[PDB]
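Inside the fold
Each chain is listed here by its residues.
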Amino acid sequence: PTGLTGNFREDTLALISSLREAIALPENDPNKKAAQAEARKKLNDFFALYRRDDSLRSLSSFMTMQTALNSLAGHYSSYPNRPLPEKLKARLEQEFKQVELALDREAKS
Ligand SMILES: [Cl-]
């Protein structure tokens, strides 16, 4: 139902890939709105599962992903009928890259 595995690294990497795909679609793609609606659902599902785990809450990967996912959610809530500005898309992408770096640093610690 969620598609979440319960493995924080696998799920975060999969969510990053899903979000990258949704954001990369052209504004005029027929499926853009649907992909958006699914991004919202998936980020909500991800927080619903993982925010209850205070181990994960202490980690940089988690903190940065929360910053990202909040910025995405906030755009929709404030500007539901406008596209993500290029400047936000660029920031989200930097954040994703940072999450991935943090996941690898955490795994080798
Ligand atoms: Cl709007």
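Check the entry above for the structure.
We now turn to the structure provided with this report.

Rules behind the numbers
- Residues numbered from 1 in each chain as written, not as in the entry; some residues may be left out.
- Heavy atoms only, no water.
- Core = buried A, V, L, I, M, F, W, Y, C linked by side-chain atoms within 4.5 Å.
- Buried < 20%, exposed > 50% of the residue type's maximum accessible area, 1.4 Å probe, protein only.
- Contact = heavy atoms within 4.5 Å.
- 1 Å grid on protein atoms, 1.4 Å probe; cavity = no way out; pocket = protein on both sides within 12 Å on 5 of 7 lines; lining within 4 Å.
- Points joined across faces, edges and corners; volume = space filled by probe spheres on them.
- Helix = DSSP H or I, 4+ residues; strand = E, 2+ residues; numbered from the N terminus.
- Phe/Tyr/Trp six-rings, centres within 6.5 Å; stacked < 30°, edge-to-face > 60°.
- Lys NZ or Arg CZ within 6 Å of the ring centre and 35° of its normal.
- Axes fitted to C-alpha atoms, helices over the stretch in contact; angles between N-to-C directions.
- Parallel < 35°, antiparallel > 145°, perpendicular 65-115°, else oblique.
- Left-handed = near helix turned anticlockwise from the far one by under 90°.
- Nonpolar A, V, L, I, M, F, W, Y, C, P; charged D, E, K, R; others polar.

If you look at the biggest cluster of nonpolar residues, it comprises 22 residues, and the most contacted ones within it are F8, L19, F46, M65, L69, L92 and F96. Not counting residues up to four positions away in its chain, the partners in contact with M65 are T12, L15, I16, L19, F46 and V99.

A separate point is the layout of surface pockets. Counted as a void, the largest pocket has a volume near 410 Å³. Around the largest pocket, the lining is made up of 23 residues, and of these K32, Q36, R82, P83 and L84 lie nearest the centre. Elements with a contribution of two residues or more to the lining of the largest pocket: α1 (8-24), α2 (32-50) and α4 (60-78). Here the element with the most residues in the lining of the largest pocket is α2; it accounts for six residues.

Our focus in this paragraph is the side chain of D45. Mapped onto the fold, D45 is located in helix α2. Here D45 is in contact with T2 and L4, once residues within four sequence places are set aside.

A few words now on the packing of aromatic side chains. Here the structure, examined in full by the defined rule, presents four aromatic pairs. Each ring, one from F8 and one from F46, has its centre 5.8 Å from the other, and the planes form 35 degrees; the classification is tilted. Here the residue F8 occupies a position in helix α1, and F46 occupies one in helix α2, the gap between them amounting to 38 residues. Accessibility expressed as a relative area gives 9% for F8, which makes it buried. Ring geometry for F8 and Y50: centres 5.1 Å apart, planes at 80 degrees, overall edge-to-face. Residue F8 is found in helix α1, and its partner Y50 is found in helix α2; the two are separated by 42 residues along the sequence. Ring pairs connect the aromatic residues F8, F46, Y50 and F62, which therefore count as one cluster. Residue placement shows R40 over the ring face of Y76; its charged tip is 3.7 Å from the ring centre. Against the face of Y79 rests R82, its NZ or CZ located 5.0 Å from the ring centre.

Where α4 meets helix α5 (residues 86-108), the closest approach of the two axes is 8 Å, and the angle between their N-to-C directions is 160 degrees. Relative to α5, the element α4 lies roughly antiparallel. The crossing of α4 and α5 is left-handed. Residues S60, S61, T64, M65, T67, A68, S71, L72 and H75 of α4 touch α5, and the partners they reach there are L88, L92, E95, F96, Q98, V99, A102, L103 and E106. Of the residues assigned to the contact of α4 with α5, the class counts are nine nonpolar, seven polar and two charged.

In short, geometric facts, not functional conclusions.
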